[PDB]
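*Asks:*
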Amino acid sequence: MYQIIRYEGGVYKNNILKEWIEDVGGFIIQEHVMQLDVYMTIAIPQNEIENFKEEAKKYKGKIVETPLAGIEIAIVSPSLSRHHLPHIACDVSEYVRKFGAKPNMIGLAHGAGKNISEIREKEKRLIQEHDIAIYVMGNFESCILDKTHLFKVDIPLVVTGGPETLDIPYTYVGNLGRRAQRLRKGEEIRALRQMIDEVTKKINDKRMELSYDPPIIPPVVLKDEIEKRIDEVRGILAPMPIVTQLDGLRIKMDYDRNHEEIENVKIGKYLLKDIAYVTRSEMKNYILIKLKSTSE
Amino acid sequence: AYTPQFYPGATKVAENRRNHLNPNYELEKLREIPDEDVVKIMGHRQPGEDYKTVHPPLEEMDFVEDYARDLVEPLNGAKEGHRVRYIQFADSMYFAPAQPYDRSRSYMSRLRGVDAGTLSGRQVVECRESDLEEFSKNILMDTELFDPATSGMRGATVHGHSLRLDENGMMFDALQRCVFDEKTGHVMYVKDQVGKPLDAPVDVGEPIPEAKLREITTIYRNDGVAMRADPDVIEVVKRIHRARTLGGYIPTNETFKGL
Amino acid sequence: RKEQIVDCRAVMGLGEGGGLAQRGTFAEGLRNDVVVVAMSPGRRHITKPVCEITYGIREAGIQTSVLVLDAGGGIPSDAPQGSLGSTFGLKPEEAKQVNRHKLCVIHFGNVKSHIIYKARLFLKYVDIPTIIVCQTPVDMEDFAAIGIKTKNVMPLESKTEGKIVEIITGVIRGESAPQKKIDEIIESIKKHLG
Amino acid sequence: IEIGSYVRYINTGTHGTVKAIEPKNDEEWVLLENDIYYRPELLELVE
Amino acid sequence: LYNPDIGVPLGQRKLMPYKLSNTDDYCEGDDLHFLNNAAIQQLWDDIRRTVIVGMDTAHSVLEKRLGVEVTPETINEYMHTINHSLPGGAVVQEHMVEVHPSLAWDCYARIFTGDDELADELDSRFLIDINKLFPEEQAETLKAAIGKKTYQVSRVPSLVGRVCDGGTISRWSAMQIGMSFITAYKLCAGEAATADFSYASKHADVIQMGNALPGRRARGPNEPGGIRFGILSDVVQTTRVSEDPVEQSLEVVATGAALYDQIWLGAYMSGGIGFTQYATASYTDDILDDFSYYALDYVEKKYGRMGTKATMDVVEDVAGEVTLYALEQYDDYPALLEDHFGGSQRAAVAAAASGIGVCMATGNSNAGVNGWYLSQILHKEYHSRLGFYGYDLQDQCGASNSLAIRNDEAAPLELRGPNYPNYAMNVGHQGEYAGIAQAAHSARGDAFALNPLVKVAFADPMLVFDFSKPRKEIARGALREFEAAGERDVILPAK
Amino acid sequence: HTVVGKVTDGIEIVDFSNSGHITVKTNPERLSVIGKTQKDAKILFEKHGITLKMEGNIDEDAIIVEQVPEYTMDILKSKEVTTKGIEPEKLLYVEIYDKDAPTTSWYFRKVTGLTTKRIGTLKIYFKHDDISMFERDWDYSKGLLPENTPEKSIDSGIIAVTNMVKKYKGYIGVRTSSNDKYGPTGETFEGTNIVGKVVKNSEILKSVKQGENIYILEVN
Ligand code: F43
Ligand SMILES: C[C@@H](OP(=O)(O)O)[C@H](NC(=O)/C=C/CCCCSSCCS(=O)(=O)O)C(=O)O
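In order, the protein sequences belong to chains H, B, I, L, F and J. Numbering follows the entry's author numbering, with no gaps: position 123 of the first sequence is 123. Offset between the second sequence (1-based) and the entry's author numbering: plus 1. Offset between the third sequence (1-based) and the entry's author numbering: plus 4. Offset between the fourth sequence (1-based) and the entry's author numbering: plus 9. Offset between the fifth sequence (1-based) and the entry's author numbering: plus 58. Offset between the sixth sequence (1-based) and the entry's author numbering: plus 279.
1) Output, in chain order, the set of chain I residues within a Cβ distance shorter than 7 Å of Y47 of chain L.
2) Contact between the stretch 183 to 203 of chain B and the stretch 125 to 144 of chain B: three or more CB pairs below 8 Å?
3) Take the Cβ of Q67 of chain I as the centre, count every other Cβ of all protein chains shown within 10 Å, and call the residue buried at 16 or more, exposed below.
4) Residues of chain I with CB under 8 Å from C85 of chain F, in chain order?
5) Apart from the five residues on each side of it in sequence, which residues of its chain come closer than 6 Å, Cβ to Cβ, to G436 of chain J?
6) Beta carbon of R123 of chain B: closer than 7 Å to some heavy atom of ligand 1?
7) Can you list the residues of chain H that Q85 of chain I reaches, using a CB-CB cut of under 7 Å?
8) Who are the Cβ neighbours of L73 of chain F in its own chain at under 6 Å, not counting the five residues just before and after it?
9) Is the beta carbon of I106 of chain H less than 8 Å from the beta carbon of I61 of chain I?
10) Roughly how many angstroms separate the alpha carbons of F349 of chain F and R13 of chain I, rounded to a whole number?
11) When you compare the CB of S81 of chain I with every CB in chain F, is at least one pair closer than 8 Å?
12) Less than 8 Å between the beta carbons of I140 of chain B and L146 of chain B, yes or no?
13) Locate the beta strand (DSSP E) running through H24 of chain L, then write down its first and last residues.
14) If you measure from the CB of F349 of chain F, is any heavy atom of ligand 1 nearer than 7 Å?
15) Under 7 Å from any heavy atom of ligand 1, does the C-beta of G33 of chain I make it?
16) Should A75 of chain I and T58 of chain I be called a contact, given that it needs their Cβ atoms to be closer than 8 Å?
17) If you pair each beta-carbon of the stretch 497 to 513 of chain F with each one of the stretch 326 to 341 of chain F, do three or more pairs fall below 8 Å?
18) Could one say the Cβ of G452 of chain J lies closer than 8 Å to chain B's Cβ atoms, at least one of them?
19) With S435 of chain J as the anchor, note down where its alpha helix (DSSP H) starts and where it stops.
20) Output needed for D223 of chain F: all residues of its chain with C-beta closer than 7 Å, excluding positions within five of it in sequence on either side, in chain order.
21) What are the start and end residues of each continuous beta strand (DSSP E) run of 3 or more residues lying completely inside the stretch 82 to 141 of chain H, in chain order?
22) Given this structure, state the Cα-to-Cα distance separating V73 of chain B from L112 of chain B, to the nearest angstrom.
23) Reducing DSSP to helix, strand and coil, say where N20 of chain L ends up.
24) For chain H, is any of its Cβ atoms less than 8 Å away from the one on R48 of chain I?
25) Suppose the cutoff is 8 Å on Cβ atoms and the five residues either side in sequence are ignored; what does the same chain contact list for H259 of chain H look like?
26) Chain B beta carbons: is any one of them nearer than 8 Å to that of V344 of chain J?
27) If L90 of chain F and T334 of chain F are in contact, beta carbons under 8 Å, what's the gap, nearest whole angstrom?
28) Based on the DSSP output, what are the partners of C222 of chain F in its beta bridges?
29) Please list the terminal residues of the continuous beta strand (DSSP E) segment that includes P198 of chain B.
What follows is the structure, given as structure tokens:
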């Protein structure tokens with residue numbers, strides 16, 4: 001119903017456009033003003049897409065179709081050191097961001113090495129809390145092959161590495177190894193696009209799975225209702241105060257202090273505790289909301 | 002005698018340019034800024050104190066006899082020996098009421114003893130301080146030549162004539178001399194034209210509505226008034242170019258038959 | 005050796021072949037220990053001297069956040085005869101995001117008169133000890149000459165609530181910082197943090 | 010080091026006369042003629 | 059609520075990378091500075107260190123005065139000798155010192171000839187083959203222009219022009235040519251015929267890239283102020299690898315901007331920051347490419363590539379149409395306007411497109427500059443602004459000087475240059491003038507613009523800078539992957 | 280968005296109409312009788328079963344000027360109305376130049392309340408002899424560009440609003456005499472735009488104190 005896109009335009013007369021979006025029933029998921037241009041991730045009903053395109057072309061704006069602007073991705077790097085973090089890992093994260101997703105760098109405590117690499121249970125659960133996980137591996141076939149125990153999560157997976165083709169029982173994208181320069185060559189860009197296509201395919205499949213038994217309320221409108229009701233969400237200092245997942249939300253407020261308030265939020269005629277699973281998150285003691293399906 | 006036209010064209014932009022060039026056309030005033038407030042924004046002298054001089058009054062100094070030099074009546078600032086100061090404006094490309102070359106032409110057509118300089122994102126006029134303040138208040142600031150949103154009295158850092166406007170329709174300023182007071186809807190100058198803060202902000206009125214800006218602007222734009230919609234200006238420009246070319250090739254009456 | 009999770013920014017970078025960070029953005033490192041403040045996302049600040057300090061701290065075992073200032077270039081409006089070229093400033097949300105960290109590391113440039121006043125305006129709203137990483141040799145007293153709280157040279161009338169806890173010189177903008185500078189910064193952070 | 014002496018800052022060489030000693034937070038501080046506190050360990054006597 | 063300590067964010071666009079026209083590389087604006095870009099420095103070095111010497115008078119002296127017989131074998135031996143002597147090796151005078159070969163690895167002495175029979179039995183190591191490097195029609199045109207003459211191209215080391223100035227190159231080549239001549243043909247080391255060789259190679263048969271500027275300008279030869287626009291058009295080698303006239307003119311525009319506006323004007327006649335954003339405006343984004351392609355489409359739709367003879371009416375029509383289109387594009391797309399924030403950038407781009415269009419319509423370069431000046435004075439009335447004050451000096455006197463015949467004001471645009479009196483000071487004009495001069499000949503499908511020898515000489519595959527695709531090389535230099543000569547690391551201590 | 284109600288039946292005319300007019304019936308009739316006579320208000324309010332009382336002029340032909348409460352929802356929830364009438368000669372008759380000064384006339388209608396009701400109220404702000412200035416609304420005086428400025432001497436009984444040129448923008452005023460220099464609000468002609476004139480009832484502007492409200496009726 002609500003297809004999510006990105007509007008890129010100027011700040012002049014942007015308030016009138018926001019008023020129009022409110023009038024037609026859309027939601028402004030994201031807003032950022034750089035100097036004189038504003039980027040807005042907006043979720044509006046499908047029957048108003050052409051109307052919004054006409055409105056955007058009136059303000060000399062630009063509509064960018066974001067195929068991943070409803071999910072949060074766990075980019076898993078073996079460590080946050082100079083080998084992986086300041087290059088490749090950021091390129092993967094920023095390319096994911098370029099298509100609307102909300103990434104989270106996951107630097108494993110013991111992810112480096114060949115036979116000394118291990119993944120903890122807490123890291124496993126933290127990765128599982130996301131929608132899809134992207135692994136940024138090295139550039140040796142033997143090292144990657146002797147490292148399959150790292151990619152043991154019941155989440156859609158895309159593994160990236162140096163060698164062009166791997167023989168692991170997962171999706172693999174080659175020519176994205178451990179590097180030290182910014183990814184700007186044509187081959188590297190093509191490999192990034194291939195990784196984007198793989199994650200897009202997995203996300204669309206999962207979207208069909210969810211569409212078989214739709215949730216009682218969409219995550220985006222649930223986030224809007226929480227923002228309207230809860231008055232502490234504008235005091236959050238995190239990058240994304242409320243993250244829109246595929247079938248839920250992540251509220252970046254303390255669980256011990258605000259879970260009772262979150263649960264006792266009335267949407268429609270239901271109480272939130274009766275339609276969603278509110279639980280504490282392994283992510284800095286935040287609140288994780290998982291929506292129930294109409295079957296229950 | 003010779004009754005002067007001032008500019009070719011039939012569009013509203015050409016008419017506004019003619020109005021600015023016309024010295025007998027009374028510019029419509031849209032605000033009232035006191036003389037002391039203009040002097041404060043200008044930032045050269047403290048209001049209430051006397052003008053500094055660069056030379057003794059013209060009566061005190063001795064000059065040789067010069068019949069042709071004595072035919073011209075000097076300015077009062079020249080008579081008293083006041084120093085020469087400047088006032089500078091930046092005009093937005095988005096329908097600002099006055100534009101650099103238009104400003105310079107109107108200044109040299111309407112004011113006496115002025116020094117006008119034109120840049121792409123800047124326009125400055127220099128004159129003796131007393132007369133400069135007089136015509137800055139009377140013509141430059143109180144009339145339609147000035148819009149507190151799309152134009153700004155600013156020296157030092159000028160930038161934003163080609164950038165887009167901000168959320169209030171104001172031209173970009175890297176020093177933020179003028180801010181928009183949303184409570185009253187007025188533009189207030191919190192700094193003088195070079196950037197040093199003012200003790201008391203001065204109210205310069207409220208931004209001109211955009212429809213009026215479309216009606217009074219002197220710039221040609223694809224969205225408001227295109228030069229293609231004014232073929233008469235293009236023809237005159239091409240005529241000037243061809244006359245220049247023919248005169249630079251061979252300046253005779255025969256080569257100008259191909260004009 | 006413990007897991008380190010970063011809250012990546014919610015907005016993308018500067019175009020295709022440009023930088024990965026964006027101006028006026030914050031990336032929380034969950035457990036708030038150190039925040040690295042970059043004046044801009046440009047090549048003069050980002051990934052050449054700043055992400056290097058970031059990965060040095062993250063290698064030392066200390067979680068790090070990186071904050072790119074919305075307006076980090078220029079001199080503050082309170083500088084003598086005002087500012088020129090551009091105006092430096094700190095937003096209240098930026099100050100709140102900084103103030104939840106144990107320590108701050110901030111990267112400054114070449115001109116001394118710019119650095120002193122920028123640090124004064126920065127510490128007017130930041131109340132945690134900070135480390136100044138600049139190129140020029142600046143003495144840990146010229147900040148006190150204009151009123152800044154300083155560990156070695158206190159002012160009689162302090163105009164800031166933040167303490168300049170260390171000054172490290174020899175880090176050039178846009179150039180890879182050698183391992184010696186990273187080691188010095190890490191040692192200062194470790195000895196002035198816990 | 011005492012009031013009226015002549016001291017110079019080792020790091021820069023600024024010359025001034027000691028105005029007062031104002032201990033704070035169980036720590037000695039030296040005030041010079043420029044109304045700036047200093048540390049005794051970073052100052053030394055000159056004649 | 060007004061907080062004066064919030065500050066004003068500034069320069070968002072300048073933080074974003076600059077694409078390069080007709081390429082797919084993104085680079086920072088700091089990497090396009092001529093001091094920070096080794097590719098631009100190597101471009102200027104390769105142009106500076108090139109001298110073409112006609113080795114026909116010397117052969118005639120050897121045949122008619124010294125009674126020595128010149129055959130292709132003797133020429134091969136001479137080439138072997140000079141390739142050793144020109145970098146600084148010793149041929150006579152026992153007990154000499156020699157320059158380190160590592161510092162002169164870019165030093166070549168090449169030979170090309172319009173005589174196919176002589177070119178057949180010549181060592182292909184030292185031969186610039188016109189047949190192999192140029193398409194059939196272009197090769198025939200170049201051979202017809204050059205004739206049955208033999209020329210030698212000397213590329214003295216870049217280190218020589220970096221330690222010294224540009225006036226060193228001709229003298230260096232002349233001394234080494236004389237030495238190689240006297241040692242390859244077993245002549246007396248010093249006689250009257252030696253003076254004949256020296257005079258021939260010093261001025262009679264020498265071709266300089268740039269003339270000297272004595273007097274007020276005060277500069278030696280082979281400086282960027284002495285390079286005419288046609289010479290720079292012939293330096294660029296896109297004409298022999300591509301058939302798109304707009305692409306050729308735009309590569310010449312990029313090279314001209316990077317040479318004149320950046321190096322010559324922002325360093326030789328100015329200093330400090332220089333003019334990087336004035337020059338990159340013509341070759342970073344496709345703005346100039348889009349405007350030029352529109353101009354070509356309009357001309358081909360109503361006139362044709364050479365369908366009309368240069369008259370005033372066609373100049374007015376094409377220049378006005380292209381200027382109106384370019385300014386409308388600036389109005390419609392705020393991204394374009396914020397990219398070319400300065401008025402000078404915009405004026406230069408629109409006027410360059412208009413001049414290129416007029417040249418593609420008429421095939422005359424002076425009509426091209428006339429169109430450029432009409433575009434400037436039409437831009438002025440359209441936007442009520444042109445550029446920085448001091449920009450439109452030459453643009454005001456331009457219309458009168460474009461078709462002038464007076465001594466100080468007349469010159470074909472190929473024969474004009476930075477020493478033309480109107481063009482001698484201001485940025486944002488010269489590279490586009492060179493592009494207009496090239497477009498005058500790209501319309502006709504010409505093999506060269508002003509000098510066939512320069513075209514053949516810079517078609518050499520052993521040049522450090524690839525002049526076929528200047529923008530690609532500039533992008534490579536901006537990305538720190540261009541290898542430049544003139545470096546002296548074998549004679550320096552380890553750091 | 281403030282929801283004011285719902286459309287019960289016949290939604291399809293709203294669903295399918297893309298432009299033009301749609302006939303709408305409001306179930307609660309608007310109980311705002313300000314341009315009517317006292318007997319009309321009596322019969323309409325008694326036909327709705329609302330207790331009624333009179334405040335001002337009692338005559339059956341007396342024009343209602345104010346009703347308490349003035350909102351239909353309040354009237355229905357309280358089931359009582361206090362209707363105030365005015366003397367026939369106390370009602371000021373004005374004519375508004377809508378074609379001559381569109382923005383100024385729109386501002387005058389908004390500030391005096393003629394956009395919603397049939398009788399507007401003007402409050403006296405400052406008074407001296409011939410000049411009586413009315414209060415302004417510093418919420419509708421935004422686009423007050425000079426619209427209808429005088430060219431000759433202003434005649435008596437002319438309503439004017441000072442435009443954005445002057446410091447006291449938006450203040451309305453009228454004077455009972457004529458002068459060739461100053462407008463009805465004490466500003467020069469370039470700072471006043473004429474919006475309308477008083478047509479029928481006069482000699483009440485000279486007997487109204489500061490702060491008192493006079494009521495106007497548009498006669499076109
Ligand atoms: C900042 C100044 C001060 C001055 O004396 N010249 C400046 C700055 C100077 C310095 C910048 C370095 C520095 O430290 O100042 C240099 C490099 C001078 C030079 N050697 O060529 C320069 N400008 Ni300027 N300058 C430029 C430009 C411009 C445009 C900017 C337009 C806008 O509204 O933003 C305008 C000229 C105009 O009004 O047409 C301009 C103005 C100005 N320019 C005025 C404006 C403020 C003043 O009133 O004092 N530059 C440009 O248009 C782009 C090219 C750019 C040149 C450097 C480059 O090519 O990379 C630079 C060229
Ligand atoms: C050598 C010098 O000659 P001249 O200064 O004696 O004319 C000559 N320079 C000039 O003509 C002028 C130099 C100024 C640089 C161009 C200005 S670009 S930015 C300034 C905009 S403005 O505010 O000055 O109008 C040159 O060839 O560079």
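C-beta: ideal position from N, C-alpha, C; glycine also.
*Replies:* With the given structure in hand:
1) Your numbering for residue 47 of chain L matches position 38 in the fourth sequence. The answer, in chain order, is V157.
2) no
3) Within the third sequence, residue 67 of chain I is the residue found at index 63, counting from 1. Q67 of chain I is buried by the Cβ-count criterion.
4) By 1-based counting over the fifth sequence, the position of residue 85 of chain F is 27. Here the neighbours are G21.
5) Along the sixth sequence, one-based indexing puts residue 436 of chain J at 157. Cβ within range, chain order: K476, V477.
6) Here residue 123 of chain B corresponds to residue number 122 of the second sequence, with the count starting at 1. Correct: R123 of chain B has its Cβ closer than 7 Å to ligand 1.
7) Position 81 of the third sequence, counting from 1, holds the residue named residue 85 of chain I. Within chain H, no residue comes near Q85 of chain I; the closest Cβ sits about 25 Å away, beyond 7 Å.
8) For the purposes of this step, residue 73 of chain F is taken as residue 15 along the fifth sequence, with counting starting at 1. Closer than 6 Å at Cβ, skipping near neighbours: no residue.
9) Reading the first sequence from its first residue, position 106 is the one you call residue 106 of chain H. Reading the third sequence from its first residue, position 57 is the one you call residue 61 of chain I. Their beta carbons are not under 8 Å apart, which means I106 of chain H does not touch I61 of chain I by this criterion.
10) Counting from 1 along the fifth sequence, the entry for residue 349 of chain F is found at position 291. Counting from 1 along the third sequence, the entry for residue 13 of chain I is found at position 9. Roughly 38 Å between the two C-alpha positions.
11) Numbered from its first residue, the third sequence carries residue 81 of chain I at position 77. So yes, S81 of chain I belongs to the interface.
12) The count along the second sequence starts at 1 and reaches residue 140 of chain B at position 139. The count along the second sequence starts at 1 and reaches residue 146 of chain B at position 145. Yes.
13) Here the question's residue 24 of chain L lines up with position 15 in the fourth sequence. Unbroken beta strand (DSSP E) run through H24 of chain L: 24 to 26.
14) The residue you call residue 349 of chain F lines up with position 291 of the fifth sequence. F349 of chain F Cβ: outside cutoff for every heavy atom of ligand 1.
15) By one-based count along the third sequence, residue 33 of chain I stands at place 29. False, no ligand heavy atom lies under 7 Å from that Cβ.
16) Translated into the one-based positions of the third sequence, residue 75 of chain I becomes position 71. Translated into the one-based positions of the third sequence, residue 58 of chain I becomes position 54. No. Outside cutoff.
17) no
18) For this step, residue 452 of chain J is matched to residue 173 along the sixth sequence. No, no contact with chain B.
19) Numbered from its first residue, the sixth sequence carries residue 435 of chain J at position 156. Segment: none, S435 of chain J is in no alpha helix (DSSP H) and carries neither H nor E.
20) Against the fifth sequence, residue 223 of chain F aligns to sequence position 165. Within the same chain, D223 of chain F has close Cβ partners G278.
21) 102 to 107, 132 to 136
22) For the purposes of this step, residue 73 of chain B is identified with residue 72 of the second sequence, where counting begins at 1. For the purposes of this step, residue 112 of chain B is identified with residue 111 of the second sequence, where counting begins at 1. Rounded to the nearest angstrom, the two C-alpha atoms are 14 Å apart.
23) Taking the first residue of the fourth sequence as position 1, residue 20 of chain L is located at position 11. Coil at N20 of chain L, not helix or strand.
24) Position 44 of the third sequence holds residue 48 of chain I. By this cut-off, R48 of chain I is not an interface position.
25) As a working mapping, residue 259 of chain H is identified with position 259 in the first sequence. Correct list, in chain order: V278, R280, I287.
26) The residue labelled residue 344 of chain J in the question sits at position 65 within the sixth sequence. So no, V344 of chain J is outside the interface.
27) Position 32 of the fifth sequence holds residue 90 of chain F. Position 276 of the fifth sequence holds residue 334 of chain F. Between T334 of chain F and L90 of chain F the Cβ distance is about 6 Å, and since that is below 8 Å, they are a contact.
28) Residue 222 of chain F sits at position 164 when you count from the first residue of the fifth sequence. Per DSSP, none; premise fails for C222 of chain F.
29) One-based indexing of the second sequence puts residue 198 of chain B at position 197. Its beta strand (DSSP E) spans residues 198 to 204.
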